[PDB]
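Presented below is the structure to which this report refers.
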Amino acid sequence: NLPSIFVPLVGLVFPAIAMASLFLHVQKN
Amino acid sequence: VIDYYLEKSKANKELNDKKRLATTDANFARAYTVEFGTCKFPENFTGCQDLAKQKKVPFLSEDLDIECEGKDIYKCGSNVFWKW
Amino acid sequence: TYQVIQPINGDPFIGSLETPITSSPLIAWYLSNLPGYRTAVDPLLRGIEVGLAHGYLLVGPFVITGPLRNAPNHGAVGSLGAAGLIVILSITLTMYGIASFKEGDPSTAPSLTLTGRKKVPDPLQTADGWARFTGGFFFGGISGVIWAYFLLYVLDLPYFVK
Amino acid sequence: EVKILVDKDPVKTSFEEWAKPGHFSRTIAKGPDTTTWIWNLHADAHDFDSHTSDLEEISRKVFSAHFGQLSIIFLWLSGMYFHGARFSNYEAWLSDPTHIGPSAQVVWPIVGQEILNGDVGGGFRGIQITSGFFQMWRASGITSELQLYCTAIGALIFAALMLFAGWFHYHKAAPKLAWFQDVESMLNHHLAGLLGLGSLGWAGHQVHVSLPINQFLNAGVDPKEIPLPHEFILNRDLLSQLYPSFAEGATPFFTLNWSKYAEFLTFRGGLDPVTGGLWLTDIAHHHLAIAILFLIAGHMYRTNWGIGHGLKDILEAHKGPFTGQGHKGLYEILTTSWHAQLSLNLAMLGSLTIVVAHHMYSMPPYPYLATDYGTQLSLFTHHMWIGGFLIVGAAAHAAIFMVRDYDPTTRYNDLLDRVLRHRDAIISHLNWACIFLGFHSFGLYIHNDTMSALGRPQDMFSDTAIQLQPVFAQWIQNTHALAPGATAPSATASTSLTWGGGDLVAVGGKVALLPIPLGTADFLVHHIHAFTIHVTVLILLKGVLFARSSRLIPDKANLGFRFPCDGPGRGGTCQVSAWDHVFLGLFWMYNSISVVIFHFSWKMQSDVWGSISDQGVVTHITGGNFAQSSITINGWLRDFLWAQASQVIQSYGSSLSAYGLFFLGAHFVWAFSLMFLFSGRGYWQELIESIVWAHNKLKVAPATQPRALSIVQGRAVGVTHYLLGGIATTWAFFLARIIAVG
Amino acid sequence: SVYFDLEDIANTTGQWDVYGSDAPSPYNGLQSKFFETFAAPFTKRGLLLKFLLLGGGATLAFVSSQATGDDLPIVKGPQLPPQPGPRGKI
Amino acid sequence: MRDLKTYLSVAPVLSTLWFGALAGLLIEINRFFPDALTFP
Amino acid sequence: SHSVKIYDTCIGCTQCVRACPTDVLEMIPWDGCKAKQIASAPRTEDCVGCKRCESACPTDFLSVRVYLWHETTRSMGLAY
Amino acid sequence: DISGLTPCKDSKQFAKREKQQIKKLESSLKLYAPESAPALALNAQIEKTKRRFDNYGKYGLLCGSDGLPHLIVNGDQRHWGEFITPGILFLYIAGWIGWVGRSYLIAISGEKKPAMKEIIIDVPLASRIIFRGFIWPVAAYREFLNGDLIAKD
Ligand code: CLA
Ligand code: CLA
Ligand code: CLA
Ligand code: CLA
Ligand code: CLA
Ligand code: CLA
């Protein structure tokens, strides 16, 4: 039910979004 | 010829085995002479090998005596002199 | 005598050398005719070509070496994996474009040829040009993955390795 | 003109410089102020080109040092022969080499150490030796202990001769610089004189002393009734019975009927089934052909008569459109720099030692060597280590030449200049190759480990899974197995039993050699080997190429060859000298050689070595577990390190108890090295500052002020202890395992 | 003979376009019009990043939620009776 | 003669002579009084 | 840019200046020492921080001191 | 006895260890002629083991439940031969060495270059100093009272 949806979100999608945001933050100015 | 020296070795197997045992036993006892009490302080002024032919130390003299036996005058490979 | 290796563009104090690998007419023509070096054309079409090549090439490894390679559904699963890789690559391209180029700034590409002749710098090194390039890359890559799947598992052509 | 050129009485023989430590250098001769001096004396002892700038003076010193080294080697050989003659069971091993273990060391009965005299058989107690001297002595025809005593005496006499020669040639007749630079004469004499005549003499000994005595031994006659070697020269009739061709004398040799000598000069291949080694008739013919080849080779260069070549002439004629002037200028470099010659010779010798190690196991030359597994493993590992160390020294001395003797204004060479003008391309390409090889070699092991741990054996890289077959090596093996029939028609068998000729040689119920199969696991280890070799090459070549300068340090040459750093500037400049690069490359050489010897040990114990019964069934030591277990790191950890260490850890209370003690000692020294490798001298000098206070409080502070070790010296100590501990761990583990189970 | 000009720093420092080609478009006009029409929505870099990240995450979650036991062993679940513990624990 | 005596007084030579004498003394004591765990 | 400072324990033997790899230091007139000259660091923006001057300092303690500070492209010795 | 240990003359594990050692030594005796030198060497080891175990019995050592001697250090008057007397002898030898070193370091301190007598040792001076350690406790005590032991800085 939930694990099949939550594990890809926490293990792949959230790290990707956080990495993209952090990279755009550190490359500013 | 090979099958003549095979005959020679057949007749002298026991004698050569007694040479092997003596020469290995002397080689081992060379490291144990002092503990045995054979070659030590007052008589080791020269080599225990030298004492072997003048004092008859137990194990280094059996090898000397057996070393050449049944061999000719100039055909013992373990002693240059043998029967000079 | 006759030496083959020469300093780059005749300048001995630029950190490069001219070798047959780098300066032969065949390789020079081949590199000049790749979509990555077509300066005077819309970057969107170049990105379309690049994506069409790369997404098409990416299908094979996923389909054949994947965990479900021995399943009857291996082709579709591998094509989906290749499409996901294309999506990730497009995300990386968009990230690089946003981080590297501001909207108003001009191009960072060189404005001189090897002969010193002034040219128009490549619009690919601008924000709009890079955005068009990555959009074309995404569209081409998805289409290439779909085309490889259609050729391999919809028409089932007698390819030796499938 | 080539002629003898000497100087008479150049250096006076006196004890006055023995009483003045550090006399050889200006700085050290003044005496010590701190403890650093004590180390500086030993580090600069043999750095002759730093003592004087005179090339002749340096050359005389190296010439005498070589004589000293030769004297030491002769002393070592004399000791080996004397211990074989006096403290060994060689004469008993001769009559039963399959059931008696060689031993030439007997310990004294003190503090309970007499347990090391184990039962090696033959009514003898001692320490089992793995040098292989017994098989070499049997091959040479040595039969009694008396002939070993005479060899020891002769080696002692020769050692005295070399020592006297060194003294005489440094103090009485010192050759001039022109004598050393006569490279054509030296090459001619070393090719024709040393090697050719040496091999010719050894061939004569083999056809006169070795072949007949070994024919008697292999026939099963007692060693004590074999005729003495000189008896095979005195009456030629004894030699005309084993080989009737000897009745013809030397007439066939001079009339060009050489096939008449086919009885004792053969081209067979394979191994002697009674012996398990190469046919002696093959070896004698090999040496006789090598003698002629080298005697003809040693006539290539021009010395005093018109005929011959000029080395400079050959060098200056090899140039092309890509290499400019070519090799012009190399003759001047190689005739004025000792370090370049040392570098080249070290590289070649280290490479040749590895080839020797590879060839001796696949073609056992000595009798009863193949079935003595402990000797084979020890010889292979020893020669691999020697080769690796010499190869590393080659890079070290190439870097030294680059730092000191390189001078484009007077000794320009186009090839070296062009190499230095694109070093970035070389180093970056080697970097990429190293990364690619590391991934595609080691990450396959990680993939296999993860698949096995996840319950997916069908997704691994294995022979029962996704295959990676070494097809090229398999094709080479098949080609070499078919050589006797099509490409080497005069040969009877292939050059080795490992090519695949579908035969196995068994001696004394033990497997000598058999066709070695290659599969996926071998494909993995070979690329692992290539990766480590490439990384070592990268580390050493980067140090050699960037020794003079880099973009970080434009003037790295003025800092010397061996300096710690250039300060914390530019982000940090630690270990930028060429010395550091050798210091780092020693670790990778150690890693590579350790993996190679582990591969050899596991493969031999799993697929070659074993036992054979009187039914035709072969049972290997580890039962062919290499193919399915050597493909995961867990396999190496469990089935090789854990399984085969069970011997050395249960050797206490036996004759092998000295190997467990050395096992623990090697572990301790290896751990000890990490204190030096992980720290720095600034902490230790401050710690010493407090101890000096405690000594001054009690008026026991020494005048020689205690100093922490220098930055470079700490690295040297750390790497030396690391290498010693690592190599000794494997020495003890291998010896215990292969003596207990072999 | 000289490679240092203060008026031309780009030439002096090697700011050249080595393999860049100024040739016109080698693509056909109709094909370029088709691609320009049907790839225009993906040329907004701000929109593309958000769309790719969010849609890819949603698609990944949906596909993981629609996987069957044939595709994933973890979805199939255990099929064998469980093993017992070392000293009778369950 | 004087110089050779000076050399024989250098640290390593004196050290090896001293430790050799010490090792010989300890070895002979252990040979004639072996296996000593206590002091009677 | 790193910080380079000079203290009046200077004896003016000019050892630091000729050990500078980037020409940061120079000698200026003075009256506090027999040599009538003291060191100065007017170009610390070219300082790399290799501390070669302190290795050439004869005074005890050092008369020239280098403090590693904010890093620039010049201070890290980068040519790319 | 002390700490639940039994004397090694009473404990059966000690005798069992002695029997097993002799049995292990006698198994290798079977592989040699009764008159050979290795047979004579293993017999000497057997006598050495017998003497060792008999001595350990006679000295009055305490053995644990494993048959091995255990040392008693707390200060018991019947166990001074295991730590106290050997410790006193060690402290006499080490103080001797330290005092001879200190006197030699003091004797060469007042010279032109005293670092040369630290790498090239003045052997006659060392011979003079060496035998002063036989009375090292008395001198070490006496420079404590006067104040020639500690440098007051
Ligand atoms: C928690 C972290 C996590 C998770 C959930 C997964 C999950 C997965 N990995 Mg994986 N992986 C991870 C971390 C993770 N990985 C890390 C850290 C490494 C490096 C060591 C790897 C290395 C790795 C390898 C080498 C492989 C996998 C594979 C797989 C898949 C195996 C299932 C299968 O057989 O179906 C197979 C199903 C397909 C091939 C079809 C997938 C189609 C997807 C669902 C399309 C959607 C993609 C989406 C649009 C992109 C979103 C990106 C995001 C940034 C927005 C599964 C999706 C295997 C695989 O086949 O995946 C490609 C495979 O070969 N992984
Ligand atoms: C590399 C060559 C080499 C090596 C490693 C060995 C090694 C060995 N030999 Mg050997 N040997 C060699 C060459 C070699 N030998 C040669 C060339 C000969 C022919 C001359 C011999 C002849 C020989 C004999 C005849 C014997 C050995 C023995 C031994 C073993 C014991 C040695 C020993 O305790 O020294 C003895 C100790 C010393 C020599 C003392 C070291 C001297 C140094 C300089 C320190 C001096 C300090 C001094 C001891 C203190 C007192 C000085 C005084 C002023 C107070 C040992 C395994 C013995 C053996 O195996 O017994 C079973 C034995 O009986 N060897
Ligand atoms: C046929 C003549 C001949 C032979 C046999 C040799 C042999 C050797 N030379 Mg040599 N050399 C020769 C001619 C020859 N040279 C000439 C003509 C020159 C001048 C161009 C040199 C210049 C030269 C140098 C500069 C060096 C050598 C070195 C060596 C040794 C290398 C180490 C080795 O392989 O150990 C093999 C060991 C043996 C074979 C043991 C036996 C020793 C041999 C028999 C002694 C050689 C005697 C010699 C040829 C003449 C003696 C003079 C006479 C008055 C007694 C080796 C002994 C190196 C060395 O180690 O120096 C000591 C070295 O540095 N040689
Ligand atoms: C025939 C080979 C050969 C020769 C002639 C030389 C000669 C030289 N080397 Mg060299 N080298 C060699 C091989 C060789 N090396 C190899 C194989 C390596 C790789 C490991 C090196 C690595 C190397 C470096 C890195 C350096 C030299 C240096 C030097 C020069 C100074 C040597 C000196 O004073 O040492 C004095 C000798 C010592 C301080 C003794 C060291 C003792 C070692 C570390 C212990 C070895 C462990 C031992 C085997 C185990 C004993 C156990 C213990 C318990 C007793 C000199 C010209 C140095 C230099 O400045 O060159 C100009 C330098 O920096 N070499
Ligand atoms: C086991 C420890 C270890 C490891 C793994 C490495 C690894 C490496 N060293 Mg090394 N090194 C070590 C110890 C180690 N070192 C020690 C102790 C020393 C001191 C002597 C050195 C000294 C040293 C020097 C002097 C040099 C190296 C070099 C290298 C590189 C060689 C290129 C290569 O193989 O890349 C391939 C990478 C690997 C094999 C690492 C493992 C990767 C596997 C496949 C897993 C990856 C999966 C995936 C990426 C995970 C992503 C998941 C995500 C969540 C992050 C590599 C990075 C050389 C270098 O930089 O050349 C390029 C070099 O010059 N090292
Ligand atoms: C004259 C010799 C001498 C004397 C009297 C002392 C005395 C002392 N040392 Mg010391 N030390 C010495 C030599 C000496 N040391 C040497 C040579 C070294 C270098 C290895 C050290 C290294 C050292 C350290 C690292 C430490 C001490 C400490 C100490 C103090 C506590 C005792 C201790 O830990 O001993 C232990 C002593 C040693 C480990 C070294 C002993 C070395 C030998 C036995 C001395 C030989 C002297 C000489 C060769 C003989 C002279 C011959 C002459 C007649 C010709 C104490 C004041 C400790 C301290 O400050 O705490 C208060 C401490 O941490 N020492």
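Look at (1) touching a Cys at 6+ places or on another chain (Cβ under 8 Å); (2) not in a loop (DSSP other than H, G, I, E, B) and you find that D:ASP607 fails only one, number (1). Which condition breaks for D:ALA43 when tested against (1) under 27 Å from D:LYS176 (Cβ atoms); (2) under 26 Å from the mean Cα position of the chain (by Cα); (3) touching a residue at least 12 places away in the same chain (Cβ under 8 Å)? Among (1) under 27 Å from D:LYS176 (Cβ atoms); (2) under 26 Å from the mean Cα position of the chain (by Cα); (3) touching a residue at least 12 places away in the same chain (Cβ under 8 Å), the lone unmet condition for D:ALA43 is (1).
Select from region D:29-53 the residues that are surrounded by 12 or more Cβ atoms within 10 Å (Cβ to Cβ), more than 14 Å from chain F (Cβ to nearest Cβ) and not polar (S, T, N, Q) and list them in ascending order. Answer for region D:29-53, where residues must be surrounded by 12 or more Cβ atoms within 10 Å (Cβ to Cβ), more than 14 Å from chain F (Cβ to nearest Cβ) and not polar (S, T, N, Q): D:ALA29, D:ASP33, D:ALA43, D:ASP44, D:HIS46, D:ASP47, D:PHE48, D:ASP49, D:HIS51.
Here the condition is being within 14 Å of chain G (Cβ to nearest Cβ), crowded, with 18+ Cβ neighbours inside 10 Å and of a type in the set (A, V, I, L, M, F, W, C); of D:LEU540, D:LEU552, it holds for D:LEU552 alone.
Residue pairs whose Cβ atoms lie under 6 Å apart, separated by 6 or more positions or on different chains, with the first residue in region D:414-440 and away from chain C (no Cβ under 14 Å) and the second among the β-branched types (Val, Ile, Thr), are D:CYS434/D:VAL535.
In region D:216-235, the count of residues that are under 32 Å from the mean Cα position of the chain (by Cα) and either surrounded by fewer than 18 Cβ atoms within 10 Å (Cβ to Cβ) or within 30 Å of B:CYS76 (Cα to Cα) (or both) is one or more. I'd like to know if region D:390-410 contains one or more residues that are among the basic types (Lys, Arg) and more than 11 Å from ligand 4 (Cβ to nearest atom). Checked against the condition, which is being among the basic types (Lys, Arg) and more than 11 Å from ligand 4 (Cβ to nearest atom), region D:390-410 yields no hits at all. A search for C-beta distances below 8 Å between a residue of region D:1-24 that is within 12 Å of chain F (Cβ to nearest Cβ) and hydroxyl-bearing (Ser, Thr, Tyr) and any residue that is assigned to a loop (DSSP other than H, G, I, E, B) and surrounded by 13 or more Cβ atoms within 10 Å (Cβ to Cβ), counting only pairs 6+ apart in sequence or on different chains, returns nothing. The single condition from (1) touching a residue at least 40 places away in the same chain (Cβ under 8 Å); (2) buried (at least 18 other Cβ atoms within 10 Å of the Cβ); (3) within 14 Å of chain D (Cβ to nearest Cβ) that G:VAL24 fails is (1). Going through (1) of a type in the set (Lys, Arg); (2) more than 29 Å from C:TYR153 (Cα to Cα); (3) not in a loop (DSSP other than H, G, I, E, B) one by one, C:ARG46 falls short only on (2). Would region D:571-580 turn up any residue that is outside any helix (DSSP H, G or I), β-branched (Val, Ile, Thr) and within 14 Å of chain G (Cβ to nearest Cβ)? Yes: region D:571-580 contains one or more residues that are outside any helix (DSSP H, G or I), β-branched (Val, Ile, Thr) and within 14 Å of chain G (Cβ to nearest Cβ). The helices (runs of 4 or more DSSP H) found entirely in region D:17-95 that carry 3 or more residues being of a type outside the set (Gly, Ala, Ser) and within 14 Å of ligand 4 (Cβ to nearest atom) are D:36-43, D:48-51, D:55-86. I'd like to check something: does region D:533-541 contain any residue that is more than 30 Å from D:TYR406 (Cβ to Cβ) and in contact (Cβ under 8 Å) with a residue 60 or more places away in the chain? Within region D:533-541, none of the residues are more than 30 Å from D:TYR406 (Cβ to Cβ) and in contact (Cβ under 8 Å) with a residue 60 or more places away in the chain.
Within region D:164-222, the set of residues being among the β-branched types (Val, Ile, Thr), within 30 Å of D:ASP237 (Cα to Cα) and touching a residue at least 24 places away in the same chain (Cβ under 8 Å) comprises D:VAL207, D:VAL209, D:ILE213. Is it the case that region C:38-55 has a residue that's hydroxyl-bearing (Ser, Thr, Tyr) and either more than 30 Å from E:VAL2 (Cα to Cα) or over 15 Å from the mean Cα position of the chain (by Cα) (or both)? Within region C:38-55 (the criterion being hydroxyl-bearing (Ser, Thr, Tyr) and either more than 30 Å from E:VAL2 (Cα to Cα) or over 15 Å from the mean Cα position of the chain (by Cα) (or both)), the answer is no, since none of the residues qualifies. In the condition set (1) out of contact with any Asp or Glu (no Cβ under 9 Å at 6 or more places or on another chain); (2) within 9 Å of chain E (Cβ to nearest Cβ), C:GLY116 is compliant with all but (1). Considering only residues of region D:74-89 that are within 13 Å of D:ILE127 (Cα to Cα) and in contact with an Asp or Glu (Cβ under 9 Å, 6 or more places away or on another chain), which is nearest to the other protein chains (Cβ to nearest Cβ)? Within region D:74-89, the match that is nearest to the other protein chains (Cβ to nearest Cβ) is D:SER88.
Out of the helices (runs of 4 or more DSSP H) lying entirely within chain E, which hold 1 or more residues that are more than 10 Å from chain C (Cβ to nearest Cβ), among the hydroxyl-bearing types (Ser, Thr, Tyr) and more than 22 Å from C:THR126 (Cα to Cα)?
Here the list reads E:45-66.
Picking from residues in region G:35-58 that are surrounded by 13 or more Cβ atoms within 10 Å (Cβ to Cβ), in contact (Cβ under 8 Å) with a residue 24 or more places away in the chain and more than 14 Å from chain D (Cβ to nearest Cβ), the one that is farthest from D:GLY571 (Cα to Cα) is G:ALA35. Name the single residue, out of those in region H:99-125 being among the small types (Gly, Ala, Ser) and surrounded by fewer than 17 Cβ atoms within 10 Å (Cβ to Cβ), that is nearest to ligand 3 (Cβ to nearest atom). Going through the qualifying residues, I end up with H:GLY101.
When region D:680-710 is filtered for residues that are within 16 Å of ligand 6 (Cβ to nearest atom) and small (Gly, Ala, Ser), the ones remaining, listed by number, are D:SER690, D:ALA694, D:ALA701, D:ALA703, D:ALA708. Just wondering, is there one or more residues in region H:78-91 that are within 11 Å of chain F (Cβ to nearest Cβ), acidic (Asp, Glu) and surrounded by 15 or more Cβ atoms within 10 Å (Cβ to Cβ)? Yes, region H:78-91 contains a residue that is within 11 Å of chain F (Cβ to nearest Cβ), acidic (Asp, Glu) and surrounded by 15 or more Cβ atoms within 10 Å (Cβ to Cβ).
Suppose we filter D:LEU444, D:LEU416 for residues that are surrounded by 15 or more Cβ atoms within 10 Å (Cβ to Cβ), away from ligand 5 (no atom under 15 Å from the Cβ) and assigned to a helix (DSSP H, G or I); which single one remains?
D:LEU416
Annotation note: Cβ proximity below 6 Å between a residue of region H:117-144 that is farther than 16 Å from F:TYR7 by Cα and a residue that is outside any helix (DSSP H, G or I) (sequence gap 6+ or interchain) occurs for H:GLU143/H:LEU149. Which of the residues spanning region B:9-35 are assigned to a helix (DSSP H, G or I) and farther than 17 Å from D:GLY126 by Cβ? Answer for region B:9-35, where residues must be assigned to a helix (DSSP H, G or I) and farther than 17 Å from D:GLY126 by Cβ: B:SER9, B:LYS10, B:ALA11, B:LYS13, B:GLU14, B:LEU15, B:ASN16, B:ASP17, B:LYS18, B:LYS19, B:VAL34.
Restricted to region H:74-98, and to residues there that are in a helix (DSSP H, G or I) and among the aromatic types (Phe, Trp, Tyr), the residue that is nearest to ligand 3 (Cβ to nearest atom) is H:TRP96.
On the stretch given as region H:19-31, residues that are in contact (Cβ under 8 Å) with a residue 12 or more places away in the chain and away from every other protein chain (no Cβ under 13 Å) total 2. Which number in (1) within 16 Å of ligand 2 (Cβ to nearest atom); (2) crowded, with 17+ Cβ neighbours inside 10 Å marks the one condition that D:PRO21 misses? Result: D:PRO21 fails condition (1) only.
Sort through B:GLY37, B:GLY70, B:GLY47, B:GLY77 and tell me the only one that's within 13 Å of chain H (Cβ to nearest Cβ) and either under 27 Å from D:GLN241 (Cα atoms) or surrounded by fewer than 18 Cβ atoms within 10 Å (Cβ to Cβ) (or both). If you could, list the steps in order and put the result at the bottom.
Details: B:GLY70 fails: within 13 Å of chain H (Cβ to nearest Cβ); B:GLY47 fails: within 13 Å of chain H (Cβ to nearest Cβ); B:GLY77 fails: within 13 Å of chain H (Cβ to nearest Cβ).
Result: B:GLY37 is the single residue among B:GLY37, B:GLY70, B:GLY47, B:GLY77 that is within 13 Å of chain H (Cβ to nearest Cβ) and either under 27 Å from D:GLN241 (Cα atoms) or surrounded by fewer than 18 Cβ atoms within 10 Å (Cβ to Cβ) (or both).
All Cβ positions, even for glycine, are placed from backbone atoms using ideal geometry, and neighbour counts span all protein chains on display. Since every read-out is calculated from the coordinates, none of them should be taken as a lab result.
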